[PDB]
*Asks:* 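Take a look at this one; I'll ask things after.
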Amino acid sequence: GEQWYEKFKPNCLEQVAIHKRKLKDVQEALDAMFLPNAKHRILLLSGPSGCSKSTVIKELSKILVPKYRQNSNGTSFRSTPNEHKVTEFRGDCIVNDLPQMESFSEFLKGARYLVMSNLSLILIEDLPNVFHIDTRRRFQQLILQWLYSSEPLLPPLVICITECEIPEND
Amino acid sequence: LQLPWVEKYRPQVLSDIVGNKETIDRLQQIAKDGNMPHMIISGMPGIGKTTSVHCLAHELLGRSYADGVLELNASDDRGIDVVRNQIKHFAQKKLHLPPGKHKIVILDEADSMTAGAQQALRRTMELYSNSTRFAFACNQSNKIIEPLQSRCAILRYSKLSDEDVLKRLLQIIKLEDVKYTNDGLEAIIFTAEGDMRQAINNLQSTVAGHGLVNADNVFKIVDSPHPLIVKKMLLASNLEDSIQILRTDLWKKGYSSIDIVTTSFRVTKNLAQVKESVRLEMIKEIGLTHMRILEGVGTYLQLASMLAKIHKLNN
Amino acid sequence: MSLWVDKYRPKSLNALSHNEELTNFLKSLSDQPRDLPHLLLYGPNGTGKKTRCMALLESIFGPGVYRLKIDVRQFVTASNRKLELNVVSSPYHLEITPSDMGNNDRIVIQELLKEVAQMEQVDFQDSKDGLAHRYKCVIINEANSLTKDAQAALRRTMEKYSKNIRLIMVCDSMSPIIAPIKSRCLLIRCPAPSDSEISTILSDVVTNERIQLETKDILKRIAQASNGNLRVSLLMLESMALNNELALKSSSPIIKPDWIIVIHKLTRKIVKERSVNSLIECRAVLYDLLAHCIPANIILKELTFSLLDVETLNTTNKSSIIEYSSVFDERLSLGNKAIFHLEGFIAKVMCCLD
Amino acid sequence: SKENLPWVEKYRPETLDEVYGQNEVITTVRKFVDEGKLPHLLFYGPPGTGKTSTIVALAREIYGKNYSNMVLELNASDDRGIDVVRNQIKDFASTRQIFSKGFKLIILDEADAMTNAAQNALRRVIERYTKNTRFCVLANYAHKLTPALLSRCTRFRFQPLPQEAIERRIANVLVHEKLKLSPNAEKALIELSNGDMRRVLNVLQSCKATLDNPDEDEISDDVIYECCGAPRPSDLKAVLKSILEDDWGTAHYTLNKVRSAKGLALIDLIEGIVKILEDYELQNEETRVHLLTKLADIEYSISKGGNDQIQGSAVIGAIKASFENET
Amino acid sequence: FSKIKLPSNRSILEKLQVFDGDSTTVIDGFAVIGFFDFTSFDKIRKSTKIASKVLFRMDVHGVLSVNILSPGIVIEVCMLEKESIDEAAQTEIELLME
Amino acid sequence: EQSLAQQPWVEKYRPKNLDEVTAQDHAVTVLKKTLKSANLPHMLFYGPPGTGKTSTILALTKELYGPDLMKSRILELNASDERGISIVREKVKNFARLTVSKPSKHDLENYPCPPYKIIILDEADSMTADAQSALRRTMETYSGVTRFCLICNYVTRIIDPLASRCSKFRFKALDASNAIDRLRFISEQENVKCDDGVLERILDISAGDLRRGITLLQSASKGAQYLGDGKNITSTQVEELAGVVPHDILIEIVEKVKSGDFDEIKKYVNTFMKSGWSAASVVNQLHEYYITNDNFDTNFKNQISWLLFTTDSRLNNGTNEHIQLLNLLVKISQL
DNA sequence: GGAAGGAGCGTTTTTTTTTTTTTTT
Ligand SMILES: Nc1ncnc2c1ncn2[C@@H]1O[C@H](COP(=O)(O)OP(=O)(O)OP(O)(O)=S)[C@@H](O)[C@H]1O
Ligand SMILES: Nc1ncnc2c1ncn2[C@@H]1O[C@H](COP(=O)(O)OP(=O)(O)OP(O)(O)=S)[C@@H](O)[C@H]1O
Ligand SMILES: Nc1ncnc2c1ncn2[C@@H]1O[C@H](COP(=O)(O)OP(=O)(O)OP(O)(O)=S)[C@@H](O)[C@H]1O
Ligand SMILES: Nc1ncnc2c1ncn2[C@@H]1O[C@H](COP(=O)(O)OP(=O)(O)OP(O)(O)=S)[C@@H](O)[C@H]1O
Ligand SMILES: Nc1nc2c(ncn2[C@@H]2O[C@H](COP(=O)(O)OP(=O)(O)O)[C@@H](O)[C@H]2O)c(=O)[nH]1
Ligand SMILES: [Mg+2]
Ligand SMILES: [Mg+2]
Ligand SMILES: [Mg+2]
Ligand SMILES: [Mg+2]
């Protein structure tokens with residue numbers, strides 16, 4: 001039943017299929033983003049399907065988040081260290097008391113809190129329904145508000161966009 | 001009542017599908033093994049894609065077919081909300097199946113799916129691949145977005161050969177006890193143009209009309225594919241021969257001018273003999289005549305002038 | 001103050017000073033305006049067609065026709081694309097330029113004009129008993145630039161509501177006017193003024209402005225540089241007078257539109273060099289011209305005739321040039337993007353010269 | 001009621017026996033209904049050949065006089081978008097018959113006007129509910145039908161009406177009316193029909209009107225030409241002879257006189273001349289090329305209006321120049 | 001799959017009878033099942049809102065008639081059923097009812 | 001009298017009844033006898049501008065129903081109305097399905113009142129192909145209570161199925177032979193005094209369009225009245241009003257073309273375009289001058305006929321007059 | 001000290017009618 005691309009998925013950053021220079025650039029940018037006062041708030045990765053964007057982001061997070069997360073002052077949800085290095089937005093989630101177009105707005109409003117002892121890398125791969133004009137406009141507003149926010153502390157935000165042509169549809 | 005032979009004789013097992021011997025054999029291997037991956041099945045109409053996917057699902061899931069298969073086609077609602085709720089809930093369902101067996105989502109005519117739904121399908125495929133597998137069926141594999149193609153094994157079905165069509169026709173004839181002649185079966189296969197559905201429909205029509213499947217009886221009802229007539233018209237070495245073909249074989253048979261010009265463009269695109277300059281000039285003339293027809297001047301004189309220009313270019 | 005083009009504009013038929021026969025015909029039309037048919041004035045640009053229409057209206061109604069104001073009318077397309085049009089109005093007539101709406105001009109005909117045609121204009125009688133009725137006058141500027149759909153929409157509006165409305169359309173060429181619209185109109189040809197009449201008008205303006213003129217020949221030259229466009233003649237006269245301390249002399253340069261000089265330079269470049277790189281630079285010049293909203297067909301005319309003015313070219317070269325000009329003018333008329341056709345014309349000329 | 005109807009509708013066939021010209025198709029469909037094995041049908045053909053009449057007659061035969069209760073008819077005048085296919089057609093095809101009267105019938109008249117998305121949605125509706133429902137698709141332009149839909153339908157071609165069927169229907173109409181038609185008038189009517197019965201019936205009705213006393217007046221070829229305002233064969237022959245033999249001035253005068261005698265239009269003269277020249281035996285083929293190209297250009301120009309005199313002179317010059325090749 | 005069962009009491013279900021498809025002979029132990037699209041079934045909701053009593057009558061030809069009584073306003077709704085019931089639906093219905 | 005003089009002559013003298021329609025008897029007879037037969041078919045009027053199609057349909061509708069009943073039995077749509085596919089599928093269909101209104105006793109007493117309505121689609125050639133397709137079964141199904149009348153100038157713009165459905169009526173061009181009586185009647189009514197042959201000249205200039213001829217007659221009458229000399233109108237005045245180029249200018253153009261010098265032709269054309277002559281009229285006059293001349297040979301006439309046709313076709317596409325005229329003259333000079 | 005391989009560049013984006021999906025309603 002297991003698919004090979006899942007069974008033999010990389011177990012470390014070195015096994016990731018990525019050009020060395022691109023990996024170095026991404027690692028430097030992400031490491032800079034984690035610093036106390038980082039110039040860059042959003043890292044936007046773009047490229048074709050299956051070129052290791054999300055994979056390299058996850059592998060890099062597995063190293064960066066533990067090194068930069070403040071040790072908790074004896075506080076945590078469960079007994080385990082809460083290995084939640086990457087927080088991802090889920091586009092198919094539907095809750096009772098929230099209109100669809102606002103779902104992403106809610107997500108970011110929580111994602112802002114994942115800093116310091118709750119540090120986590122925010123990853124956006126499954127985007128909202130940007131084909132809907134109003135949803136796309138709201139998404140752009142939220143991205144701009146995150147970019148222009150006056151919050152002293154924010155977590156790194158990574159947006160992975162896979163570029164592909166839309167076949168003509170009747 | 002009596003079902004049409006096209007549906008009455010729909011293969012129910014993978015061993016009754018003719019053509020694409022390698023692909024059908026691989027599907028049989030998958031059915032006996034169980035490890036079905038995400039797959040895309042592409043090909044021209046009436047060659048067995050839908051039948052193949054249904055037969056494979058049935059063989060894989062046995063009695064669990066009812067609870068383990070979710071089928072959706074262009075006639076059902078397949079928008080983004082459907083992906084968000086129905087497909088998601090089906091993929092979340094915990095179903096106890098024999099080892100190596102997974103739930104199957106059949107998406108027939110997947111090409112027509114909207115962009116939002118296709119993009120939403122990425123996450124469900126990523127999350128529920130351990131228990132669910134997707135079988136897309138389409139005519140243009142390129143109409144499925146690349147992120148979805150990246151997860152599936154591609155399987156392209158080719159046109160059926162005359163041998164396979166003849167074998168299936170003979171099986172159907174034996175089952176129905178139909179009287180025929182070799183020339184009649186030849187005519188049916190020639191008019192089918194590789195489409196088994198059309199072959200069966202034409203055989204049934206001929207049998208109903210006269211019973212005995214001869215060449216003359218077949219050609220009384222069935223017409224030779226007009227693309228071949230258009231090719232003959234275009235390739236005639238004499239202007240008068242082209243005009244005669246256009247008059248006798250197309251115009252007086254009731255073929256519309258727009259159909260004639262569109263078929264001429266399609267055929268000229270695939271003329272291997274001609275040079276590139278001549279081909280592109282013929283395409284230009286066909287396009288100009290098509291423009292004239294669309295404006296309302298769909299007269300026989302316009303088509304004759306198009307033929308005259310094409311002949312001039314050939315010289 | 002106002003530009004001399006408008007400052008000394010005649011405001012009555014008796015004030016017209018050129019094309020006396022046209023003035024007589026217009027006065028004959030104004031004799032009994034009760035049964036005035038729809039009018040279509042055609043002739044070279046800048047000759048005084050709009051001035052003559054306003055003089056005719058003044059003859060029918062009075063000087064109040066010159067008390068103009070502007071209003072903005074909003075239209076919504078089937079796609080909810082809101083947009084606006086400028087409507088000029090005087091207490092007796094309206095003025096519209098639907099062509100400014102591009103492909104949406106038809107909407108203006110279907111919504112605005114029709115409504116204007118449908119609303120019958122009545123008023124209480126000052127002295128007599130009962131209401132009095134008066135037809136409305138509507139001027140359609142740039143009639144030749146209307147799409148075929150708008151022209152078709154005009155037909156039954158003109159015919160059915162003839163009691164309430166009378167159209168006066170103005171164009172520089174009747175070739176783009178569909179046959180039914182011409183059939184529904186009285187056609188009035190407006191010839192351009194001769195060089196002598198242009199010089200007389202310019203001399204009157206000079207005397208009024210108290211500008212010292214060395215010799216009348218200058219005015220003649222100005223006329224010969226305007227190609228019969230009186231508006232251009234007056235504009236250049238004003239520019240030259242201002243640039244020469246209100247003192248014109250035989251040595252004073254004649255000021256021409258900048259794009260005309262650019263086209264002359266382009267013609268010289270085309271004549272001098274015929275190569276691919278020359279063609280790319282010609283593309284750059286053409287795109288610069290188009291960026292200023294100069295119509296493509298106007299560019300083609302001016303380039304064609306500037307090329308035909310070259311002395312070094314022979315008869316065969318000029319014949320080929322005019323052939324290509326006609327072909328690519330048709331292509332522009334039937335085309336969507338003008339750059340293709342302008343480039344094709346220039347490339348064909350380069351091939352024929354080389 | 002029927003008396004007030006236009007003849008094109010008053011003479012619509014009611015039973016399959018009243019449909020003429022399509023003997024093969026009628027034979028096959030009648031046997032299919034006799035055995036009750038009707039498959040999904042496609043009726044492809046040019047205007048006024050009997051497609052709609054044939055399908056309605058077949059529905060009447062299958063369901064008798066109560067066919068309107070178990071037949072779902074849709075045409076271009078109705079919206080048939082993907083939503084319509086998904087809801088209305090789907091529900092009709094997926095529900096039982098009124099009284100278990102075998103299968104249901106869905107007629108999609110003028111289906112070439114349907115959108116690609118709706119046609120795509122139709123595929124599985126047709127396939128899954130074949131046991132209970134059968135589809136009929138009528139069209140004049142096949143290129144508007146998706147390949148998947150074409151693959152699913154048994155195709156029948158309605159040919160342009162042969163002369164014999166038109167003669168039989170004309171005889172029926174003449175008997176029904178109190179009308180008398182001359183053989184020459186019948187030949188002219190058949191020639192101008194081009195295989196369309198609607199034109200035959202409309203011209204016949206107009207000819208009956210033209211008669212002062214239809215009870216005793218007989219329709220002649222002159223009446224037909226007057227009603228249609230079409231040129232006579234003698235006019236076309238004279239014009240062509242003048243063009244091919246007389247000088248330019250004489251040819252121009254002949255064309256002007258022939259046109260002005262009965263107000264003939266240039267397009268019909270061109271069409272008749274083209275018909276005449278199609279049978280001409282030309283020793284030089286280049287002549288045919290010139291004739292065809294120039295005359296097609298003139299026809300296209302006429303289609304947009306233009307100057308009539310210039311177009312006529314152009315026709316004369318084109319024919320002369322083309323026939324200079326035969327020299 | 002969900003179920004709504006009407007109590008077997010002479011207060012809400014006044015009477016129920018199965019006629020074996022002839023309106024005459026009463027047969028016990030036989031279940032009559034009618035399959036409908038909710039798009040059509042739900043169209044009687046507003047009529048039932050004012051209804052005082054509702055009479056259901058299903059025939060063998062797949063026709064269901066609902067007579068609604070509210071001197072008064074009387075309503076009659078007739079609907080056709082689907083051709084056949086899928087195997088999964090039949091199994092689920094049997095499991096729910098047994 | 002002032003109120004009656006509030007209308008241009010084309011609207012003033014629009015035919016009131018079918019008897020007033022001239023030169024179109026081949027269709028008028030059928031339409032007239034339809035009043036007694038009550039067997040009106042679907043109609044397709046087609047023809048060149050100003051031949052009497054709209055007038056004929058309006059007169060027929062007036063004769064069939066009357067001033068009052070007409071309002072309930074007629075639906076008129078033209079190019080000034082929105083006629084998209086949705087309009088055809090909703091408004092036109094609803095009207096076609098409408099029950100036939102009950103005529104009053106007066107209407108029945110005075111008019112035949114056939115038991116059907118009429119939908120007039122004027123300028124039908126402007127409708128799209130899909131919208132036209134939406135009309136087919138609407139016309140076929142409701143022919144018992146509704147009859148359609150399509151009107152156009154370019155019949156090729158009507159899709160073939162609609163043309164097959166409709167009975168066709170071609171309206172002929174109105175020239176000096178068949179329309180002179182109406183123009184003479186109009187001139188007599190308005191007391192226009194013109195020299196013999198003036199009406200002939202107007203009708204020849206109009207080239208099949210009686211509306212243009214009537215407008216020209218009105219313009220000439222206005223000029224004569226303003227002059228107030230009591231003299232008859234002359235053909236020269238009519239030609240001047242019509243925009244016809246004077247014969248001397250045409251002779252000058254012909255001489256320049258014969259000379260063959262490109263520069264001289266260019267200069268003369270540049271000066272000639274000053275007067276604002278319409279290129280179509282000049283091309284027509286040149287065709288008349290050259291085709292009928294006996295001083296040129298057959299090959300010259302063939303070549304010039306094709307050149308003139310090409311130039312006229314280019315002009316019909318709204319091309320630029322100066323360029324086309326200069327090209328035509330240069331080509332002719334090279335023959 | 002020869003290529004062989006690779007990365008980066010070469011970019012911006014309304015509109016006619018008509019049909020369709022989506023989200024909130
Ligand atoms: N050495 C490897 N390097 C990268 N991916 C691998 C490797 N081995 C297996 N895989 C799998 O291949 C897939 C890589 O594809 P992605 O990382 O998703 O690329 P992508 O740029 O994110 O494209 P999309 O937007 O997901 S279609 C992952 O599922 C990995 O688990
Ligand atoms: N290889 C085949 N062998 C036997 N019968 C076939 C075969 N292909 C098509 N048929 C017959 O034609 C009918 C339709 O076959 P399908 O599998 O639906 O073709 P298809 O390729 O799926 O057509 P599309 O892509 O949905 S238009 C079957 O029920 C069979 O009766
Ligand atoms: N085979 C025929 N036999 C007798 N009458 C015919 C025949 N075909 C057409 N007609 C006559 O013409 C009328 C129209 O026939 P239709 O069946 O509607 O033609 P059609 O092929 O459906 O036209 P299209 O494709 O919708 S434009 C009928 O009412 C008949 O009166
Ligand atoms: N046959 C005619 N008899 C009398 N007057 C005519 C005739 N034809 C045209 N006219 C006159 O010209 C005017 C216009 O006639 P119309 O009926 O509108 O012509 P038309 O064919 O409808 O023009 P188009 O196709 O809309 S450009 C009429 O009011 C009449 O004054
Ligand atoms: N003195 C005088 N000036 C005129 C006359 N005719 C036109 N003009 C002026 O010359 C200019 C002509 O431009 P315009 O009226 O727009 O002509 P159009 O573009 O053809 O409509 C205007 O500024 C007028 O004031 C005339 O007869 N006499
Ligand atoms: Mg990934
Ligand atoms: Mg399939
Ligand atoms: Mg039909
Ligand atoms: Mg009209």
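Proteins get letters first, then strands, A, B, ... in listed order; numbering begins at 1 in each.
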*Asks:* Could you check whether the six-membered base rings of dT12(G) and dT13(G), which sit next to each other in the strand, have centres less than 5.5 Å apart and planes tilted by under 30 degrees?
*Replies:*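 Yes, the six-membered rings of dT12(G) and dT13(G) stack, since their centres lie under 5.5 Å apart and their planes differ by under 30°.
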*Asks:* What pucker does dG10(G) show by its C1'-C2'-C3'-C4' sign, north or south?
*Replies:*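 Of the two classes, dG10(G) takes north, because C1'-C2'-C3'-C4' is positive.
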*Asks:* Quick one: what's the B/S/- string for nucleotides 4-12 of chain G, heavy-atom cutoff under 4.0 Å, read 5' to 3'?
*Replies:* --SSS----
*Asks:* Among all residues two or more places apart in sequence or in another chain, which pass the salt bridge (charged side-chain N to carboxylate O under 4.0 Å, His left out) test with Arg155(C)?
*Replies:*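 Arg155(C) satisfies salt bridge (charged side-chain N to carboxylate O under 4.0 Å, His left out) with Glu123(F) only.
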*Asks:* Please give the distance between the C1' atoms of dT19(G) and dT15(G) as a whole number of Å.
*Replies:*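 About 15 Å, rounded to a whole number of Å.
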*Asks:* Quick one: classify the glycosidic conformation of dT13(G) as syn or anti, with syn meaning within 90° of 0.
*Replies:*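 This nucleotide is in anti.
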*Asks:* Each nucleotide in nucleotides 18-23 of chain G should get exactly one letter: B, S or -. Can you fill that in based on protein heavy atoms under 4.0 Å?
*Replies:* SSSSBS
*Asks:* Provide the full list of salt bridge (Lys or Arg N to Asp or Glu O under 4.0 Å) pairs with a residue in residues 84-94 of chain D, sequence neighbours left out, each pair given once.
*Replies:*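 Applying salt bridge (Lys or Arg N to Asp or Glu O under 4.0 Å) to every pair that reaches into residues 84-94 of chain D, excluding sequence neighbours, yields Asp76(B)-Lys90(D), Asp83(D)-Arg86(D).
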*Asks:* Take the six-membered rings of bases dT15(G) and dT16(G), measure centre-to-centre distance and interplanar angle, and say whether these fall under 5.5 Å and 30° respectively.
*Replies:*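 The answer is no; the two bases are not stacked.
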*Asks:* Can you pull out every salt bridge (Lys or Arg N to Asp or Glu O under 4.0 Å) where at least one residue sits in residues 128-145 of chain A? Sequence neighbours excluded, please.
*Replies:*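 As it turns out, the salt bridge (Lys or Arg N to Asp or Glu O under 4.0 Å) pairs with a partner in residues 128-145 of chain A, which skip direct neighbours, are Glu102(A)-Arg138(A), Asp134(A)-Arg137(A).
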*Asks:* Using the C1'-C2'-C3'-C4' sign, is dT16(G) on the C3'-endo (north) or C2'-endo (south) side?
*Replies:*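 By the sign criterion, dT16(G) is south.
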*Asks:* Kindly write out the residues that satisfy salt bridge (charged side-chain N to carboxylate O under 4.0 Å, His left out) with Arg123(B), not counting sequence neighbours, or none if the list is empty.
*Replies:*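 Counting only residues at least two positions away or on another chain, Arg123(B) forms a salt bridge (charged side-chain N to carboxylate O under 4.0 Å, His left out) with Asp126(A).
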*Asks:* Output a table of donor-acceptor pairs, distance under 3.5 Å, between side-chain atoms of residues 113-122 of chain D and any protein atom two or more places apart or on a different chain; print 'none' if there are none.
*Replies:*
unit_1: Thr115(D); atom_1: OG1; unit_2: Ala118(D); atom_2: N; d: 3.4
unit_1: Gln119(D); atom_1: OE1; unit_2: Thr146(D); atom_2: N; d: 3.0
unit_1: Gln119(D); atom_1: NE2; unit_2: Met114(D); atom_2: O; d: 3.1
unit_1: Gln119(D); atom_1: NE2; unit_2: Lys144(D); atom_2: O; d: 3.1
unit_1: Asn120(D); atom_1: ND2; unit_2: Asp170(A); atom_2: OD2; d: 3.3
unit_1: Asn120(D); atom_1: ND2; unit_2: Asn116(D); atom_2: O; d: 3.2

*Asks:* To the nearest 0.5 Å, what is the distance between CG on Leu342(C) and CG on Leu332(C)?
*Replies:*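 Those atoms lie 5.5 Å apart.
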*Asks:* List in chain and number order the residues that pass side chain to side chain contact (heavy atoms under 4.5 Å, CB included) with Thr97(C), two or more places apart in sequence or in another chain; answer none if no residue qualifies.
*Replies:*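 Here the qualifying residues are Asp100(C), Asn141(C), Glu142(C).
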*Asks:* Holding to ring-ring contact (aromatic ring centres under 6.0 Å, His included), I want the full list of residues that pass it with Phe139(A), two or more places apart in sequence or in another chain.
*Replies:*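 Scan of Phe139(A) (ring-ring contact (aromatic ring centres under 6.0 Å, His included), adjacent residues dropped) gives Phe104(A).
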